[PDB]
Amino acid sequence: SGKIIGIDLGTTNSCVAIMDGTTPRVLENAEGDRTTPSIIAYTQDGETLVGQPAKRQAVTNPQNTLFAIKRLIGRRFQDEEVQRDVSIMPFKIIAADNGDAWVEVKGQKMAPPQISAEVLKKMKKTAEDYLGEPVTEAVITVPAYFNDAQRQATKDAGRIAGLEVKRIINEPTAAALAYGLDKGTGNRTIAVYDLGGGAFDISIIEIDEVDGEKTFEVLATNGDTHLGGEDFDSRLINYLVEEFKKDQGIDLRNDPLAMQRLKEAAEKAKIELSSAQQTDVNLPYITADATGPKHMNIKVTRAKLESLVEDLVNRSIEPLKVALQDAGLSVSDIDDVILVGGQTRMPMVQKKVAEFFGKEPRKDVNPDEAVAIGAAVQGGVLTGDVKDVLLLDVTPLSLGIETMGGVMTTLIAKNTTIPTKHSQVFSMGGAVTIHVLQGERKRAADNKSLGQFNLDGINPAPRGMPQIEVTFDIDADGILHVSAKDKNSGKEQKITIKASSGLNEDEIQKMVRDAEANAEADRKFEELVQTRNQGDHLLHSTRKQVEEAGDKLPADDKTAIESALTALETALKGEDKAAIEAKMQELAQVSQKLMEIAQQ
């Protein structure tokens, strides 16, 4: 029921769009912005902030401001990428009971999906405000190269935000839909290069015309889910730290407030250098010595920046080679190169991509909104409102199992179209344990473990010829479902999953409840503000009452009202709701009383 909204859930920024009849439309949030910072904050006085208001206070509240959670979602605490971030992020990353990467704020342990849910809730309310009705269904995006755990965790985030996730869509696939909607963009093969704040994807996509309908088929995809603008910032931040150290003999790294200011300045400097050739990093009072306060002032040329990050850019080119190889195409077969993501605005990035493909990328694709638009289009394909549009996507990673010898044995190859199904007999009745992994490496140890899937034996029985057949389904969301049955009896076999990543049903239900309690807490927190606004109205009117009385007002009555006015003003300067309400009440009584005497 209701509209299926399309939500680009980004590492850095999020964006929501709808189908406006036949045309997709990106919606402005309450702040009037077409994108929303993927930032969640908890204030000292216990408030939860999302988007711009959260971003604004990060500099003074670095420990309790959560950002880039998409780089933790669906990951394990002991993951190399996470272990590195543990030392870098200003907030506290911890291990959950099952070993998953979680965060801790003010003693409270939280799962990444709970945090991302807060962003999704804001995108949901954005759509609801615009539409004037409830929204309960959504298409949510994920990087094409997201693995099973990352996908499911993102889907879980949608549920926690109160959204039925009708489809998890791969981000380059969404961008392709947006690009291809334009009549006259058909029968061509495109390369979608998406470099965002956290992840990098490359997809090769064929747009065709079959039976009057436009078809989109992903031929191959590749990338790196932990390669993005955050990493460019980090290179620049480290440089600035080192230069200040050499210059002023002070190491800013143990100073949380300094490092937060530096992070902000570094990203601004990076962004400036996409258009200017030099930028100035200025941070007055960045620290203090026994000698007095110190100020950071350092010029950074584009040349310097490029030397600090060139290898990151080069890291994005290698998957391009694999994607083309997997697609069975050469650059010459690519009709259009499409850039998506804010980090593609870097001249070096554009130049490297153009040089690789031997052609200039298109300029007529919105790098901030194409993904959300495509998500909305996908929604409209689901609701039947978008006609003559079909898509066929793939799974990005080989699905395999660890077999005797510690080897990775592939069951479903990367770039297989989805949904897809593979069935195999694993046992003639004995108990079975299946170690399922995703990746292309030859050794199981070098791939991503999804878990151990255990089946009990089937007991011997006259005329029983047990054949335990295990089926591996990958759905339209790109998510695995393992089931089993005895072909001989047709009886379903229960699978017990051990050592897997992710939230269980009980946790999810609790986190759904917790999100609702947060919303209730938010409405509560608002009470004070509402009361403050009422106080200002009351002050405004009662001051007019004094003025209108002029001299007709007795000294004692005038003294009383003026005392009540000042007392309310003082209370409003404070944070005590009871005191404010009490002073409003007393002012109202004095106003009423004088009114009555005036009438006398």
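Just count from 1 along the sequence shown to find any residue number.
Judged by mean Cα B factor in the deposited record, 278 to 286 ranks above the other of 124 to 132 and 278 to 286. For the pair 509 to 517 and 139 to 147, the mean B factor over Cα atoms is greater in 509 to 517. If you compare the C-alpha temperature factors of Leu27, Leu538, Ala68, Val59 in the entry, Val59 comes out highest. Among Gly292, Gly478, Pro113, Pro172, the highest C-alpha B-factor recorded in the PDB entry belongs to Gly292. The entry lists a Cα temperature factor for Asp393 that places it in the lowest third of the chain's modelled residues. Annotation for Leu587: CA B-factor lies in the highest third of the chain's modelled residues. Placement of the Cα temperature factor of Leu49 within the chain: middle third of the modelled residues, per the deposited record.
Ranked against the other modelled residues of its chain, the C-alpha B-factor of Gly451 as given in the entry falls in the middle third. Among all modelled residues in its chain, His226 ranks in the lowest third by Cα B-factor.
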